[PDB]
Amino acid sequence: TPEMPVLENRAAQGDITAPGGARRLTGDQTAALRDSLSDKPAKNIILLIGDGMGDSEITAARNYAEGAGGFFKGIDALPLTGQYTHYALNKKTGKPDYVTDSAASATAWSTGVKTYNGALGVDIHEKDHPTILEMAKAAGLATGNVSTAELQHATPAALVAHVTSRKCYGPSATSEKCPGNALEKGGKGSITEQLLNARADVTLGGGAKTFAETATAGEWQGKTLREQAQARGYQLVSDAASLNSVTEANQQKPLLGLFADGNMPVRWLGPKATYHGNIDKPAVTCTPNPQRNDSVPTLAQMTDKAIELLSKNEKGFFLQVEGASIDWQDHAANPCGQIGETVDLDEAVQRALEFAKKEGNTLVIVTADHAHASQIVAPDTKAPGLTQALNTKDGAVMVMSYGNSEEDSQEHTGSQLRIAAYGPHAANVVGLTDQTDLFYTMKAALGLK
């Protein structure tokens, strides 16, 4: 009977065409919300990020996978909610830049300082700031960094690398685009070199491609980054079997799961949206990606396994899980890809809430780094961008529009967006907050001195 309740059912209660049939509430919530408030310490924190998962992305995925009156048992089940701002800074002027990229936003919640687009773990003066994961490890807590994206990708890379440009994946890119970060120039090195130095306990995702690179200097000069990883004691897994037979993860044998050369496989496939696609082409039903595999751990599986391995630390743990390709698919104007990745994240959120509700001292937060392009529009819409009609769980058509770029990729947008939480200190996400407040919220809930 976990004192702090997870919402069990906020689907429409009945017949949506009848008075009250679309209500998601069965009665007053004052007592349940009083019950969801505690300022006791967070022993653990699990932060899940849906990259580019603004309210529009949440709504479109729900409409399609669960119906308009449906309910995500993970994403929609956190009882304390608010909206936060994620604007970045113009590097030269220090004024706001209203639409952040992935790097500046992830720098914001992981360091508590606003920065310029493309920066990771540094401010507009290129000065390094400690990340919540670096700080959690320093305090003796176990640390996890999970993502379906390549690990050099901004979201999980911000927790372990401090570079002046997110493009500095390896020695090569670094020496070129982050000259002062390049190892052979006295800096701390490429994103992957600093990730190896950071040494979290559990690091799972894709991005094996960069590890085939060789250090230009340093103790492991000439050796490949994977060679360097093997040499520094890391426990390297590459598939679901090898990951599941892992029984422990610590500093002596930190875990590095490289499940793909680049990003991990998307869950669902569909045609890309097109000009007047909702008018000129048939409504679409998403299809399961045949190449996604029971040999590749799902986000939910990587989450569960990271939780099992991190919860053995009695001091506690900090874990960040990213459903990364929601952003990727929204950029590609591919509704099916995008929605399937939201559905993927919801399964990981359910594993987190199921663990937190039993454990009792776990603060779980679900949010996104920034908003995105996709909009849900009327079925008859004639829009200038890319559109597509989808057959939803309701047996009705929903049309999605991508209308903010004539270029190859659709763009991020600056709208404030949902952040939701459950457990100790979850009140700190309610109302209007800033993305940097989340750093302070996590740091304080863990009591990191």
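Numbering starts at 1 and follows the sequence shown.
Comparing 360-368 with 324-332, the stretch with the higher mean C-alpha B-factor in the PDB entry is 324-332. Looking at 262-270 and 311-319 together, the entry lists the larger mean B-factor for 311-319, computed on C-alpha atoms. Among 86, 351, 95, 188, the highest C-alpha B-factor in the deposited entry belongs to 188. Within the group 172, 374, 105, 111, the record's highest C-alpha temperature factor is found at 172.
Split the chain's modelled residues into thirds by C-alpha temperature factor. Residue 123 is in the middle one. In the PDB entry, residue 40 places in the highest third of its chain by CA B-factor. Per-chain ranking of the deposited C-alpha B factor places residue 346 in the lowest third. In the PDB entry, residue 77 places in the lowest third of its chain by CA B-factor. Among the modelled residues of its chain, residue 406 has a C-alpha B-factor that falls in the highest third, as given in the PDB entry.
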